[PDB]
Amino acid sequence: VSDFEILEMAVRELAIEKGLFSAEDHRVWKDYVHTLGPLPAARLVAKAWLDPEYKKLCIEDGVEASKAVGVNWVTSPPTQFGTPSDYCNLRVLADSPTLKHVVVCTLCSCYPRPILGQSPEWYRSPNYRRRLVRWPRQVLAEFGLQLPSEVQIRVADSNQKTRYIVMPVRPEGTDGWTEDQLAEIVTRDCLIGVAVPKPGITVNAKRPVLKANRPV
């Protein structure tokens, strides 16, 4: 057992002993977290690609649009007032032939957890947080993504209560595709903006995986 596990046990037991939160509350939050994932966000993108009116809603009111995929930022979380850390102000950034977005939180790792799931380890790194806002073209290239020099690359720094998801442009070769087929290629990385959707690619690019001492 590590010092972190000893302290985690200590803190949790004390909080419960003092009635700050119950054993039930803790299990409730972990269960909620287990219900999270990137699929809802991917489905929102697919729906937007297939419905111009819904796409308009996504761009103007991400919070309202999110209800279409079952994620109500206010009532879906156990709190019934949005998660304490993700809040209730989702904005959807729509890429276009002349605009491509990528998201970061230079101050920490603010992420749209309710609709996208948990944040990637690299997304929380001081490295990504220092470099993306200043050398987005270079960082994106490292991720294997390059866009025309005239295209506007916009870096969104989620430094306050707004959380973002990127709605990439629908890629070529998906004519007649169903909502499920389209959502399938809209990976987590696509929703962050470090990658774009491509037919046949249904998982994030393979990267080294640091193992945990005692994984969940």
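The first residue of the sequence shown is number 1, and the count goes up from there.
- Higher mean CA temperature factor between 166 to 174 and 184 to 192: 166 to 174, per the PDB entry.
- Mean C-alpha B-factor is higher over 137 to 145 than over the other stretch, the pair under comparison being 122 to 130 and 137 to 145.
- When the Cα B-factors of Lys67, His34, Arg154, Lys161 are read from the PDB record, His34 comes out highest.
- Annotation for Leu39: CA B-factor lies in the middle third of the chain's modelled residues.
- Split the chain's modelled residues into thirds by C-alpha temperature factor. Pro112 is in the lowest one.
- For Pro84, the recorded CA temperature factor ranks within the lowest third of the chain's modelled residues.
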